[PDB]
Amino acid sequence: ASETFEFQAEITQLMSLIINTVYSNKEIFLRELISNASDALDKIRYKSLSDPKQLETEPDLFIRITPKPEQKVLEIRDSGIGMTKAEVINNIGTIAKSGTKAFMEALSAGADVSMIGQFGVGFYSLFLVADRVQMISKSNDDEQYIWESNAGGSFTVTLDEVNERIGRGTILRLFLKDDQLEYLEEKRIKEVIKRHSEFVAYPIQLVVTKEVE
Ligand SMILES: COC1=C2C[C@H](C)C[C@H](OC)[C@H](O)[C@@H](C)/C=C(\C)[C@H](OC(N)=O)[C@@H](OC)/C=C\C=C(/C)C(=O)NC(=CC1=O)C2=O
């Protein structure tokens, strides 16, 4: 059974602002997600300094990108610390965010959407290219949960009984808009990573499907 939660008022405003933007440099969504993944990996690594056993649910530290062309989906996975149900509910929607309103005001004044991460709300950049998102996350401290939003005023959180098991970490599953299908292509993905993510401490893996002939 799913639980439904309302987004804090300014977050809803932010999403609507981002979803309805003709902005021309949307590719920065990937830098933001890779940067979040790297933060989550830094955190499990730092945490394991004083408790090495935390790594054992997923001993490999990586970032993995998987296009699913036939579903028009792009997944970005990490084996970082992941988030508990309570963390997902608290930190991804229901509580007011330090920087939401200030980022919107900066946008109004001519700021580049690229700046969104400097305001601590870069997660929401995913709506530049996706009209719907599932975030699937497994923390060592909780079960696997699915957070979902179509940028309306509410999101859902559901115990996960339908997706592959994550040993530990997070999968961002982006349902791409029809005009943003370029991010399913191996070539384009590599371009964006090389442009915006030159310096990442963790391996970035790209999953590519090809017909044998
Ligand atoms: C500094 O930490 C960051 C914060 C505080 C954030 C709540 C910390 C979070 O608290 C539980 C965990 O400690 C941390 C491990 C989880 C991630 C980095 C998630 O990503 C992945 N791969 O786990 C991230 O994206 C799904 C979650 C939403 C982040 C928000 C709404 C945002 O817009 N930008 C942010 C980017 C950050 O790095 C942000 O606010």
Side-chain angles (χ1 to χ4, degrees), residues 18 23 25-49 52 54-83 87-88 91-92 112-130 132-140 144 146-147 163-177 180-211:
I18 287 161
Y23 173 76
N25 198 36
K26 293 178 175 170
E27 71 188 37
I28 65 93
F29 84 92
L30 188 61
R31 175 196 72 201
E32 293 305 320
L33 305 181
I34 283 175
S35 161
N36 296 343
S38 177
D39 182 54
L41 291 158
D42 290 343
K43 274 157 175 174
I44 189 59
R45 189 181 59 177
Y46 180 96
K47 187 182 174 77
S48 300
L49 285 178
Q54 295 273 341
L55 289 174
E56 303 188 358
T57 43
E58 185 92 87
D60 292 328
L61 300 187
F62 61 84
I63 300 172
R64 188 176 302 143
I65 301 171
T66 306
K68 294 177 169 180
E70 66 286 339
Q71 294 158 245
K72 287 188 295 191
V73 160
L74 178 69
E75 300 182 353
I76 296 82
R77 173 174 178 177
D78 66 78
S79 46
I81 189 179
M83 291 167 292
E87 282 169 339
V88 168
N91 289 272
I92 314 190
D112 189 314
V113 182
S114 168
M115 197 151 297
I116 186 171
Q118 286 163 269
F119 288 80
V121 288
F123 170 83
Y124 297 98
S125 67
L126 71 84
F127 293 103
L128 294 168
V129 300
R132 173 182 174 211
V133 50
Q134 291 178 350
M135 184 188 67
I136 308 165
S137 193
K138 176 71 181 64
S139 149
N140 284 346
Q144 188 167 308
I146 306 154
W147 178 103
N163 298 302
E164 65 179 313
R165 294 304 93 172
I166 300 174
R168 178 202 62 246
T170 294
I171 294 175
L172 273 173
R173 176 180 289 155
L174 310 188
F175 296 83
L176 298 175
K177 305 173 178 172
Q180 307 286 329
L181 298 193
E182 69 198 67
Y183 302 105
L184 299 167
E185 307 166 9
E186 177 179 4
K187 178 173 174 49
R188 179 81 180 106
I189 291 163
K190 287 191 178 188
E191 294 180 19
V192 178
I193 289 154
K194 296 171 186 176
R195 189 180 294 108
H196 301 288
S197 298
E198 172 174 11
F199 293 112
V200 176
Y202 308 99
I204 303 178
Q205 299 166 352
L206 183 52
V207 176
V208 174
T209 309
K210 67 169 158 25
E211 188 167 334

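Just so you know, residue 1 is the first one in the sequence shown, and it goes up from there.
- Remark: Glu186 pairs with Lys190 by the salt bridge (charged side-chain N to carboxylate O under 4.0 Å, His left out) rule, at least two apart or across chains.
- No donor-acceptor distance shorter than 3.5 angstrom exists from the side chain of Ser38 to the backbone of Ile34, with no hydrogens or angles considered.
- Here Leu30 contributes atom CG and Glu191 contributes atom CD; the two are 11.5 Å apart, rounded to the nearest 0.5 Å.
- Taking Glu87 as the reference, nothing meets the salt bridge (charged side-chain N to carboxylate O under 4.0 Å, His left out) condition, with sequence neighbours excluded.
- Take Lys210 and apply the salt bridge (charged side-chain N to carboxylate O under 4.0 Å, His left out) test, not counting sequence neighbours, and it matches no residue.
- Residues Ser79 and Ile44 fail the side-chain proximity criterion, which asks for heavy atoms closer than 4.5 Å.
- With sequence neighbours excluded, no residue forms a side-chain hydrogen bond (donor to acceptor under 3.5 Å, both in side chains) with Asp60.
- Counting heavy atoms from C-beta outward, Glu32 and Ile116 have side chains that approach closer than 4.5 Å.
- At a threshold of 4.0 Å, the pair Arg77-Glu164 counts as salt-bridged, since one of the basic side-chain nitrogens sits closer than that to a carboxylate oxygen.
- Between the CD1 atom in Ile146 and the OG atom in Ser137 there is a gap of 11.5 Å [rounded to 0.5 Å].
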Listing, residues 62-71 side-chain donor-acceptor contacts under 3.5 Å, not counting sequence neighbours, or none:
unit_1	atom_1	unit_2	atom_2	d
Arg64	NE	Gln205	OE1	2.8
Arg64	NH2	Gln205	OE1	3.1
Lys68	NZ	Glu75	OE2	2.7

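- The nearest pair of heavy atoms linking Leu184 to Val73 is CD2-O, 3.1 Å.
- For the pair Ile92 and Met83, the minimum side-chain heavy-atom distance is below 4.5 Å.
- Applying the side-chain hydrogen bond (donor to acceptor under 3.5 Å, both in side chains) rule to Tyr202 yields the partners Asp42, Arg45; only residues at least two apart in sequence or on another chain are considered.
- For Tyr183, the ring-ring contact (aromatic ring centres under 6.0 Å, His included) partners two or more places apart in sequence, or in a different chain, are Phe29.
- Considering OG1 of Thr170 and CG of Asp78, their distance stands at 5.0 Å, rounded to 0.5 Å.
- Listed by chain and number, the residues in a salt bridge (charged side-chain N to carboxylate O under 4.0 Å, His left out) with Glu27 are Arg188, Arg195 (sequence neighbours excluded).
- Judged by distance alone, the side chain of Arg132 and the main-chain N or O of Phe175 form no donor-acceptor pair under 3.5 Å.
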For this session: Apply side chain to side chain contact (heavy atoms under 4.5 Å, CB included) to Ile28 and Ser125, showing your working.
Result: CA-CA 8 Å; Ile28 65 93; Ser125 67; 4.2 Å; yes
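- Of the possible polar contacts, none joining the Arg173 side chain to the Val133 backbone as a donor-acceptor pair under 3.5 Å is found.
- Closest heavy-atom contact between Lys177 and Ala130: CE-O, 3.9 Å.
- A heavy-atom distance below 4.5 Å is found between the side chains of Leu61 and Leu55.
- A 4.5 Å side-chain heavy-atom check between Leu33 and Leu174 finds at least one atom pair inside the cut-off.
- Shown here are the side-chain hydrogen bond (donor to acceptor under 3.5 Å, both in side chains) partners of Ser139, two or more places apart in sequence or in another chain: there are none.
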For this session: Decide side chain to side chain contact (heavy atoms under 4.5 Å, CB included) for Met135 and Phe123; before the verdict, give the C-alpha distance in whole Å, the side-chain angles of both, and the deciding distance to 0.1 Å.
Result: CA-CA 11 Å; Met135 184 188 67; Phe123 170 83; 4.2 Å; yes
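- With sequence neighbours excluded, the residues satisfying side-chain contact (heavy atoms from CB on, under 4.5 Å) with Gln144 are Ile136, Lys138, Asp160, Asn163, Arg165, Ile166.
- Not counting sequence neighbours, the partners of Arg31 by the side-chain hydrogen bond (donor to acceptor under 3.5 Å, both in side chains) test are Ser114.
- The minimum heavy-atom distance linking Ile18 with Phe127 is given by the pair CG2-C, 3.7 Å.
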